[PDB]
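As structure tokens, the structure follows; a few thoughts come after it.
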Amino acid sequence: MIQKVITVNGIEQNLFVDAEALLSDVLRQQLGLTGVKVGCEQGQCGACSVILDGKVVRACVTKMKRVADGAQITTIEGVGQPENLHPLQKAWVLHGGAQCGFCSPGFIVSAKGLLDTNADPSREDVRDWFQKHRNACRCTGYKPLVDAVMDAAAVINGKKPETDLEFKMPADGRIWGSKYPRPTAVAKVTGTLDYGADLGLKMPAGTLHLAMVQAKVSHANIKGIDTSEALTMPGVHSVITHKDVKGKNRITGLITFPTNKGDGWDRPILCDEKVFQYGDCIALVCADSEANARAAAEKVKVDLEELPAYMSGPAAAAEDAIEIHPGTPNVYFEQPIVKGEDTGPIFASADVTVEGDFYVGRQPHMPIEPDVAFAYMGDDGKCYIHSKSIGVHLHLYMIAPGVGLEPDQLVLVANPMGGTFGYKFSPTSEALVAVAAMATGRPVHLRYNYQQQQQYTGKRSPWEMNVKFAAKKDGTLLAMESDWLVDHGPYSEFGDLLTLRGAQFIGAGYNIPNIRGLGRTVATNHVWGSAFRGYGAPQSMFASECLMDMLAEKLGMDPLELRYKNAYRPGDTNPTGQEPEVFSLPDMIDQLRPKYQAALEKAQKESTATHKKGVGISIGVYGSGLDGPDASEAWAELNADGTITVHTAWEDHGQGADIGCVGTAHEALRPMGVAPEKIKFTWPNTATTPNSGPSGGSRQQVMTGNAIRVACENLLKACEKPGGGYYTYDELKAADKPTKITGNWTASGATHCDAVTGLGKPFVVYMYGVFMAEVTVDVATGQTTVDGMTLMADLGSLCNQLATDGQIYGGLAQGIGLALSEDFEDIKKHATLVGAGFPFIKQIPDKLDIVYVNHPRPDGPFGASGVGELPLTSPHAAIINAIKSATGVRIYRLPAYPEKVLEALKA
Ligand code: FES
Ligand code: FES
Ligand SMILES: [Cl-]
Ligand SMILES: [Cl-]
Ligand SMILES: [Cl-]
Ligand SMILES: [Mg+2]
Ligand SMILES: [Mg+2]
Ligand SMILES: [Mg+2]
């Protein structure tokens with residue numbers, strides 16, 4: 001050990017450290033500076049950026065021996081605090097750069113390092129800086145971050161007053177539709193919002209820290225577990241196995257479809273008889289620290305008989321394949337789509353037909369914050385779980401029978417969280433921590449490292465797809481045929497539903513009177529499927545939107561004009577036979593057309609012999625809601641101090657549940673003139689907030705937005721004075737009148753899609769968009785650079801533009817990753833951010849352009865649709881279409897790795 005006397009955030013610290021210790025650990029654990037965020041732990045994400053003697057360094061890869069006596073360190077806590085914000089922090093808030101907020105301290109610290117060396121950077125300078133310093137963001141698509149740095153620099157340089165970094169009310173006083181900052185922004189930019197791992201460091205002594213004993217093979221029969229060595233290791237309390245589980249030790253898929261051949265109880269909590277995928281948790285070591293628990297977990301011996309594993313859908317779906325879940329066929333669900341007339345004779349007589357085989361793979365969510373959760377036994381006797389769940393009520397029911405608790409005896413709470421992009425539509429660690437808290441009676445905390453985040457949380461499910469179009473010479477679509485195989489890994493939860501998405505979204509956007517198709521779901525031993533933003537659309541629409549360009553090519557028609565010819569218009573129906581609720585695609589195409597023409601001309605003009613430029617188009621469509629008559633609830637409460645709390649379980653992945661609530665409530669409450677700062681939101685809690693539903697299916701703005709609106713309307717009625725005006729809290733209380741008022745809303749016109757035909761009216765609100773990708777392909781290397789993305793977006797009406805701009809930029813960036821670099825195919829190689837193709841800043845163009853063409857929705861609150869998943873529906877199709885435009889080569893199977901593109905170029 002050594003004494004190190006240094007300065008941290010301007011204060012002399014008399015430090016006692018191990019020379020080998022990581023600066024991140026010292027700062028977080030020894031000094032309580034939890035504003036230093038840790039994600040990847042491998043120097044790849046920059047979340048732990050600190051300034052050390054004028055240089056921006058990643059604290060997770062900086063050992064204390066590299067910290068000189070007398071060194072100066074700055075963390076986010078030293079940059080500024082609430083009530084004392086630095087221009088960079090104010091700018092982040094103004095520009096909405098804090099979505100989940102997990103990368104915000106690291107970006108801001110890094111940015112301060114930049115500005116201290118280059119006071120007046122170009123946008124390009126800012127981008128080069130964040131690239132060099134590995135500052136990664138999964139939420140924002142980077143553009144808002146650069147915006148923020150530029151604005152802060154101008155203030156620091158005296159070129160504009162600091163007061164211009166403060167939001168100015170539109171007054172009208174209307175915050176709906178505005179850039180009003182989100183309530184959580186200040187905490188995020190100051191590092192004072194405690195995420196799951198931060199909470200773990202601030203839990204009491206006697207909290208047990210867990211480590212998972214995980215399967216190191218993909219498929220096995222388990223014979224036994226030997227914990228003897230682990231029990232003797234430092235700090236070890238106990239080891240938990242399936243034997244300690246007090247319930248069924250299974251998670252239920254809960255809404256498993258009746259025609260599913262599986263019962264939906266296939267997923268264990270702790271493996272008992274079988275390993276079903278690499279990473280499966282077989283035991284939990286409870287220890288006094290994460291380090292001690294992990295060390296001991298390595299010594300737990302699992303005796304197993306490895307079995308042949310099926311590592312892809314086609315492999316598992318073979319007629320001969322052995323049942324992974326004995327008693328259930330590997331292909332456990334099929335969804336037909338049967339619209340209009342038989343397609344066979346139509347294809348036979350059509351002027352033109354086209355067909356393609358396409359593949360979209362096992363995209364990893366890659367939030368900067370790896371999975372984390374904790375649990376404890378309350379003094380009330382209930383088991384409390386605090387995690388990254390984005391469906392607290394859903395998860396409660398999915399796990400309660402497995403852990404052996406009645407619904408009333410379990411409470412799930414959503415911690416502030418550093419992104420999920422859908423992986424948290426699934427339980428991950430919740431049942432594990434519950435089991436351990438119940439068994440030990442003590443608080444337990446479980447943090448996954450980045451490898452565990454990659455290998456052992458769910459993934460976008462790969463789809464192998466064949467899609468066909470028949471059309472007239474004039475481009476009119478006559479018929480479509482479709483076949484898709486969904487590789488859902490070993491756990492069935494929502495796999496059937498994902499498969500149904502193919503019936504709803506393959507070929508969405510156009511009038512197609514006649515459809516015959518069949519989706520199939522298959523269990524495999526690759527990673528289990530969890531929702532990934534777009535949930536079936538990124539697969540479905542990659543196929544159909546690529547196929548539309550092939551159709552255009554075959555007709556000798558411009559691909560945008562082919563879409564214009566076919567796009568939804570009054571009278572048309574979508575693939576499930578339902579009338580669209582608005583008709584905005586022709587409008588969007590018409591407004592995009594000149595920008596498209598200009599982009600083509602620029603592409604031709606600026607292409608060289610070695611660097612070929614192209615422009616590609618696609619349409620995206622997706623529902624806002626879960627299928628059928630989805631519903632939400634909110635409570636609007638006048639408090640004693642005149643503030644108003646809007647209680648919901650609107651779960652915040654980081655998308656903006658806070659500002660969604662505040663903005664929607666503010667608009668609903670206008671008659672009573674309620675200032676936005678007086679409106680409070682509630683963190684999701686299954687005991688104390690209503691069942692607003694999960695933040696999945698881009699549904700909360702519509703469902704919970706409506707519920708909030710209704711509740712606020714009902715509060716207004718509760719407060720109304722006879723003769724005009726409104727009663728105060730004290731007045732209502734004096735009259736023994738209610739102050740906490742419920743609102744409910746249901747999408748009553750929606751129906752579930754049929755099990756035989758796929759027909760129905762699954763959502764009452766959809767999101768519609770038109771993408772344009774501009775790319776350059778280096779034909780010597782096969783490397784594609786996305787130089788620009790445009791999204792024409794119909795969101796009905798914007799609750800908040802900082803929120804919606806950010807959502808779209810974030811989705812577009814994930815589109816670039818899905819198109820060019822991302823996958824989780826190799827269990828080891830893809831278990832890091834860099835290995836799995838995470839888009840760093842230079843991979844995302846600065847030119848991300850949005851045009852809102854909003855057609856107010858009959859059923860959305862104040863006309864709003866959702867936005868969440870729209871930007872990831874088909875941007876990767878636009879990009880692939882752009883590569884085709886540039887070079888003449890079509891990539892059918894994502895991602896377009898350079899070697900893959902080169903092989904196609906040279907073929
Ligand atoms: S670079 Fe340190 S946590 Fe990712
Ligand atoms: S705001 Fe950057 S990772 Fe979420
Ligand atoms: Cl998906
Ligand atoms: Cl290909
Ligand atoms: Cl390659
Ligand atoms: Mg200042
Ligand atoms: Mg017609
Ligand atoms: Mg090769």
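Convention: chains lettered A, B, ... in structure tokens order; per-chain residue numbering from 1; ligands numbered from 1 as shown.
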
| task | Pull the alpha helix (DSSP H) assignments for segment 427-570 of chain A out of DSSP run on the backbone, and list those residues as JSON, numbers by chain. | result | {"A": [430, 431, 432, 433, 434, 435, 436, 437, 438, 439, 440, 450, 451, 452, 453, 454, 455, 495, 496, 497, 498, 499, 500, 501, 502, 503, 504, 505, 537, 538, 539, 540, 541, 542, 543, 544, 545, 546, 547, 548, 549, 550, 551, 552, 553, 554, 555, 559, 560, 561, 562, 563, 564, 565, 566]}

| field | Polymer residues at most 12 Å from residue 615 of chain A, only C-alpha atoms, same-chain spacing of 4 or more positions, as a PyMOL selection string | value | chain A and resi 549+558-560+595-604+607+771-777+786-790+877-888

Would you tabulate, counting only C-alpha atoms, all residues of segment 409-442 of chain A that have an atom at most 12 Å from an atom of segment 666-689 of chain A, showing the closest pair of atoms and their distance in Å to one decimal, sorted by chain then ascending number, as CSV?
residue,atom,partner,partner_atom,distance
A:409,CA,A:687,CA,9.7
A:410,CA,A:686,CA,8.5
A:411,CA,A:686,CA,5.6
A:412,CA,A:686,CA,5.5
A:413,CA,A:685,CA,4.4
A:414,CA,A:684,CA,5.3
A:415,CA,A:683,CA,7.8
A:416,CA,A:683,CA,8.3
A:417,CA,A:683,CA,11.2

I need the chosen residues saved as a PDB file, in the first residue's frame, with N, CA, C and O atoms.
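What landed in result03.pdb:
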ATOM      1  N   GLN A 409     -46.713 -10.140  -2.380  1.00  0.00           N
ATOM      2  CA  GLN A 409     -45.531 -10.307  -1.523  1.00  0.00           C
ATOM      3  C   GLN A 409     -44.200  -9.936  -2.198  1.00  0.00           C
ATOM      4  O   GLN A 409     -43.132 -10.095  -1.600  1.00  0.00           O
ATOM      5  N   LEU A 410     -44.286  -9.440  -3.430  1.00  0.00           N
ATOM      6  CA  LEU A 410     -43.143  -9.026  -4.244  1.00  0.00           C
ATOM      7  C   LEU A 410     -43.371  -7.590  -4.740  1.00  0.00           C
ATOM      8  O   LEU A 410     -44.519  -7.262  -5.110  1.00  0.00           O
ATOM      9  N   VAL A 411     -42.310  -6.791  -4.810  1.00  0.00           N
ATOM     10  CA  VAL A 411     -42.380  -5.413  -5.297  1.00  0.00           C
ATOM     11  C   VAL A 411     -41.209  -5.185  -6.244  1.00  0.00           C
ATOM     12  O   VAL A 411     -40.055  -5.424  -5.879  1.00  0.00           O
ATOM     13  N   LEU A 412     -41.510  -4.764  -7.471  1.00  0.00           N
ATOM     14  CA  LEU A 412     -40.478  -4.396  -8.439  1.00  0.00           C
ATOM     15  C   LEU A 412     -40.462  -2.902  -8.648  1.00  0.00           C
ATOM     16  O   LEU A 412     -41.513  -2.247  -8.707  1.00  0.00           O
ATOM     17  N   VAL A 413     -39.250  -2.373  -8.710  1.00  0.00           N
ATOM     18  CA  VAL A 413     -38.996  -0.952  -8.836  1.00  0.00           C
ATOM     19  C   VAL A 413     -37.971  -0.761  -9.960  1.00  0.00           C
ATOM     20  O   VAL A 413     -37.013  -1.544 -10.066  1.00  0.00           O
ATOM     21  N   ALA A 414     -38.191   0.228 -10.830  1.00  0.00           N
ATOM     22  CA  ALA A 414     -37.204   0.537 -11.884  1.00  0.00           C
ATOM     23  C   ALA A 414     -36.213   1.536 -11.307  1.00  0.00           C
ATOM     24  O   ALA A 414     -36.604   2.645 -10.897  1.00  0.00           O
ATOM     25  N   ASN A 415     -34.944   1.117 -11.224  1.00  0.00           N
ATOM     26  CA  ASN A 415     -33.841   2.034 -10.933  1.00  0.00           C
ATOM     27  C   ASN A 415     -33.637   3.014 -12.084  1.00  0.00           C
ATOM     28  O   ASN A 415     -33.951   2.664 -13.225  1.00  0.00           O
ATOM     29  N   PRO A 416     -33.034   4.197 -11.809  1.00  0.00           N
ATOM     30  CA  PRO A 416     -32.525   4.968 -12.960  1.00  0.00           C
ATOM     31  C   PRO A 416     -31.601   4.042 -13.740  1.00  0.00           C
ATOM     32  O   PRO A 416     -30.899   3.225 -13.137  1.00  0.00           O
ATOM     33  N   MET A 417     -31.629   4.116 -15.060  1.00  0.00           N
ATOM     34  CA  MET A 417     -30.913   3.107 -15.849  1.00  0.00           C
ATOM     35  C   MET A 417     -30.226   3.672 -17.098  1.00  0.00           C
ATOM     36  O   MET A 417     -30.721   4.609 -17.737  1.00  0.00           O
TER      37      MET A 417
END

| request: Produce as a VMD selection string the set of residues near ligand 5, where near means within 7 Å with only C-alpha atoms and all ligand atoms considered. | output: chain A and resid 897 to 900

At most 12 Å is the cut-off: for each residue in segment 355-457 of chain A with any atom that close to an atom of segment 697-701 of chain A, write down the nearest atom pair and the distance in Å rounded to one decimal, counting only C-alpha atoms, chain first then increasing number, as a Markdown table.
| residue | atom | partner | partner_atom | distance |
| --- | --- | --- | --- | --- |
| A:390 | CA | A:700 | CA | 11.1 |
| A:391 | CA | A:700 | CA | 11.2 |
| A:421 | CA | A:698 | CA | 10.9 |
| A:422 | CA | A:697 | CA | 9.2 |
| A:425 | CA | A:697 | CA | 9.8 |

| said: List as a ChimeraX atom specification the protein and nucleic acid residues near residue 258 of chain A, meaning an atom at most 10 Å away when only C-alpha atoms are counted, but skip any in the same chain fewer than 3 places from it. | reply: /A:255,261-263,333,496,755

| query | Of the candidates A:32, A:200, A:722, A:839, which one gets nearest to ligand 2 if we count only C-alpha atoms and all ligand atoms? | reply |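 So, comparing all the options, the nearest one is A:839.
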
| said: Residues within 8 Å of residue 223 of chain A, please, as an MDAnalysis selection string. Count only C-alpha atoms; anything in the same chain fewer than 2 positions from it doesn't count. | reply: chainID A and resid 221 225 273 302:305

Could you write those residues out with N, CA, C and O atoms, as a short mmCIF file (atom, residue, chain, number, x, y, z; two decimals), in the first residue's frame?
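As written to disk, part.cif reads:
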data_model
loop_
_atom_site.label_atom_id
_atom_site.label_comp_id
_atom_site.auth_asym_id
_atom_site.auth_seq_id
_atom_site.Cartn_x
_atom_site.Cartn_y
_atom_site.Cartn_z
N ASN A 221 -26.64 -31.61 -20.24
CA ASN A 221 -27.34 -32.14 -19.08
C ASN A 221 -26.46 -31.94 -17.84
O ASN A 221 -25.30 -32.35 -17.83
N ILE A 225 -23.27 -30.02 -8.87
CA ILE A 225 -22.59 -28.76 -8.58
C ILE A 225 -21.83 -28.99 -7.29
O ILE A 225 -22.40 -29.44 -6.30
N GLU A 273 -31.83 -29.22 -14.49
CA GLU A 273 -31.48 -30.38 -15.29
C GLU A 273 -30.59 -30.08 -16.49
O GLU A 273 -29.82 -30.95 -16.92
N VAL A 302 -19.04 -27.30 -11.86
CA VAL A 302 -20.25 -27.91 -12.41
C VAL A 302 -19.93 -29.17 -13.21
O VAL A 302 -19.13 -29.14 -14.15
N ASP A 303 -20.57 -30.27 -12.84
CA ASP A 303 -20.42 -31.53 -13.54
C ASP A 303 -21.57 -31.62 -14.53
O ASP A 303 -22.74 -31.63 -14.14
N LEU A 304 -21.23 -31.66 -15.81
CA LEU A 304 -22.24 -31.71 -16.86
C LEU A 304 -21.81 -32.58 -18.04
O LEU A 304 -20.63 -32.89 -18.21
N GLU A 305 -22.80 -33.01 -18.81
CA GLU A 305 -22.61 -33.80 -20.01
C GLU A 305 -22.96 -32.87 -21.17
O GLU A 305 -24.14 -32.54 -21.37
#

| request: Give as an MDAnalysis selection string the residues surrounding ligand 2 up to a distance of 7 Å, considering only C-alpha atoms and all ligand atoms. | output: chainID A and resid 97:104 136:140 367:368 418:419 654

Since we have the selection now, will you write its residues out, keeping N, CA and C atoms, as an mmCIF file, in the first residue's frame?
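This is the output file out_34.cif:
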data_model
loop_
_atom_site.group_PDB
_atom_site.id
_atom_site.type_symbol
_atom_site.label_atom_id
_atom_site.label_comp_id
_atom_site.auth_asym_id
_atom_site.auth_seq_id
_atom_site.Cartn_x
_atom_site.Cartn_y
_atom_site.Cartn_z
ATOM 1 N N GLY A 97 -28.763 16.338 -24.346
ATOM 2 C CA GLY A 97 -27.711 15.344 -24.567
ATOM 3 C C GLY A 97 -27.768 14.207 -23.559
ATOM 4 N N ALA A 98 -28.474 14.437 -22.443
ATOM 5 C CA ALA A 98 -28.686 13.391 -21.436
ATOM 6 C C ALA A 98 -30.013 12.663 -21.677
ATOM 7 N N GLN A 99 -29.922 11.524 -22.358
ATOM 8 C CA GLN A 99 -31.071 10.649 -22.510
ATOM 9 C C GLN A 99 -31.008 9.690 -21.307
ATOM 10 N N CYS A 100 -30.463 8.477 -21.449
ATOM 11 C CA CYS A 100 -30.250 7.680 -20.229
ATOM 12 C C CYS A 100 -29.286 8.387 -19.268
ATOM 13 N N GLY A 101 -28.388 9.221 -19.814
ATOM 14 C CA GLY A 101 -27.476 10.039 -19.007
ATOM 15 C C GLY A 101 -26.223 9.321 -18.511
ATOM 16 N N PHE A 102 -26.102 8.032 -18.818
ATOM 17 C CA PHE A 102 -25.000 7.235 -18.267
ATOM 18 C C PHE A 102 -23.636 7.665 -18.801
ATOM 19 N N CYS A 103 -23.606 8.119 -20.060
ATOM 20 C CA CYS A 103 -22.344 8.572 -20.676
ATOM 21 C C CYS A 103 -22.096 10.066 -20.446
ATOM 22 N N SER A 104 -23.064 10.769 -19.859
ATOM 23 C CA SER A 104 -22.988 12.236 -19.779
ATOM 24 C C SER A 104 -21.808 12.769 -18.960
ATOM 25 N N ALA A 136 -18.380 6.927 -25.900
ATOM 26 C CA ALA A 136 -19.412 6.177 -26.611
ATOM 27 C C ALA A 136 -20.766 6.547 -26.043
ATOM 28 N N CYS A 137 -21.747 6.657 -26.922
ATOM 29 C CA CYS A 137 -23.115 6.899 -26.509
ATOM 30 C C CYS A 137 -23.982 6.024 -27.393
ATOM 31 N N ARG A 138 -24.963 5.368 -26.770
ATOM 32 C CA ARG A 138 -25.912 4.508 -27.484
ATOM 33 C C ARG A 138 -27.287 5.145 -27.657
ATOM 34 N N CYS A 139 -27.500 6.299 -27.013
ATOM 35 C CA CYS A 139 -28.831 6.905 -26.951
ATOM 36 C C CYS A 139 -29.043 8.013 -27.969
ATOM 37 N N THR A 140 -28.014 8.836 -28.182
ATOM 38 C CA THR A 140 -28.243 10.161 -28.791
ATOM 39 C C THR A 140 -27.821 10.318 -30.263
ATOM 40 N N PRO A 367 -26.064 -1.307 -24.378
ATOM 41 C CA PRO A 367 -26.176 -0.088 -23.563
ATOM 42 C C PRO A 367 -24.809 0.138 -22.922
ATOM 43 N N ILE A 368 -24.460 1.394 -22.621
ATOM 44 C CA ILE A 368 -23.178 1.647 -21.976
ATOM 45 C C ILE A 368 -23.118 1.029 -20.558
ATOM 46 N N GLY A 418 -29.098 3.062 -17.453
ATOM 47 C CA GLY A 418 -28.256 3.560 -18.544
ATOM 48 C C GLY A 418 -28.554 2.897 -19.875
ATOM 49 N N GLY A 419 -29.833 2.903 -20.291
ATOM 50 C CA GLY A 419 -30.248 2.318 -21.584
ATOM 51 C C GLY A 419 -30.566 0.822 -21.568
ATOM 52 N N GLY A 654 -34.369 5.705 -20.487
ATOM 53 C CA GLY A 654 -33.559 6.900 -20.832
ATOM 54 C C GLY A 654 -34.211 7.675 -21.981
#

| request: Find the spatial neighbours of residue 861 of chain A, counting only C-alpha atoms, within a cut-off of 8 Å - ignore same-chain residues fewer than 2 positions away - and output them as a list in words. | output: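 Close residues of residue 861 of chain A: residues 664, 701, 702, 705, 706, 709, 859, 863, 864 and 865 of chain A.
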
| said: Please compute the atom CA of residue 249 of chain A-atom CA of residue 270 of chain A distance, one decimal, in Å. | reply: 6.7 Å

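The smallest atom-to-atom distance between ligand 1 and any of A:632, A:832, A:44, A:9, using only C-alpha atoms and all ligand atoms, is found for A:44.
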
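Neighbouring residues of ligand 7 at a cut-off of 10 Å, counting only C-alpha atoms and all ligand atoms, are residues 476, 477, 511, 512, 513, 565, 566, 567, 568, 569, 570, 571 and 572 of chain A.
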
File of the preceding selection, N, CA, C and O atoms, as a compact mmCIF listing (two decimals), in the first residue's frame:
# COMPACT_ATOMS: atom_id res chain seq x y z
N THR A 476 -47.58 -1.09 -59.87
CA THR A 476 -48.62 -1.44 -58.89
C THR A 476 -48.38 -2.83 -58.30
O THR A 476 -48.35 -3.80 -59.03
N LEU A 477 -48.19 -2.90 -56.98
CA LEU A 477 -48.09 -4.19 -56.30
C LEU A 477 -49.41 -4.95 -56.41
O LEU A 477 -50.48 -4.39 -56.16
N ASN A 511 -50.20 -0.61 -50.36
CA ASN A 511 -51.39 -1.43 -50.58
C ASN A 511 -51.00 -2.75 -51.26
O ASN A 511 -50.56 -2.76 -52.41
N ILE A 512 -51.17 -3.85 -50.54
CA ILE A 512 -50.90 -5.18 -51.10
C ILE A 512 -52.12 -6.03 -50.83
O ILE A 512 -52.30 -6.51 -49.71
N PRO A 513 -53.00 -6.15 -51.84
CA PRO A 513 -54.30 -6.79 -51.59
C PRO A 513 -54.21 -8.30 -51.30
O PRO A 513 -55.07 -8.84 -50.60
N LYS A 565 -45.91 5.35 -55.81
CA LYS A 565 -47.02 4.73 -56.54
C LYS A 565 -47.85 3.84 -55.62
O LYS A 565 -49.07 3.75 -55.75
N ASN A 566 -47.17 3.17 -54.70
CA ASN A 566 -47.79 2.14 -53.88
C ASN A 566 -48.19 2.55 -52.47
O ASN A 566 -48.94 1.82 -51.82
N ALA A 567 -47.70 3.71 -52.00
CA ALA A 567 -47.82 4.06 -50.57
C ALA A 567 -49.27 4.20 -50.11
O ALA A 567 -50.14 4.61 -50.89
N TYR A 568 -49.53 3.88 -48.84
CA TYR A 568 -50.90 3.93 -48.31
C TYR A 568 -51.62 5.23 -48.65
O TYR A 568 -51.10 6.33 -48.42
N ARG A 569 -52.84 5.08 -49.17
CA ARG A 569 -53.76 6.19 -49.44
C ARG A 569 -55.16 5.74 -48.97
O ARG A 569 -55.40 4.54 -48.83
N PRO A 570 -56.06 6.69 -48.71
CA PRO A 570 -57.41 6.30 -48.27
C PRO A 570 -58.01 5.18 -49.14
O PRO A 570 -57.95 5.24 -50.36
N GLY A 571 -58.58 4.17 -48.48
CA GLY A 571 -59.12 3.01 -49.18
C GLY A 571 -58.21 1.81 -49.00
O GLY A 571 -58.69 0.66 -49.00
N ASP A 572 -56.91 2.05 -48.87
CA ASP A 572 -55.95 0.96 -48.72
C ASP A 572 -56.02 0.32 -47.36
O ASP A 572 -56.53 0.90 -46.39
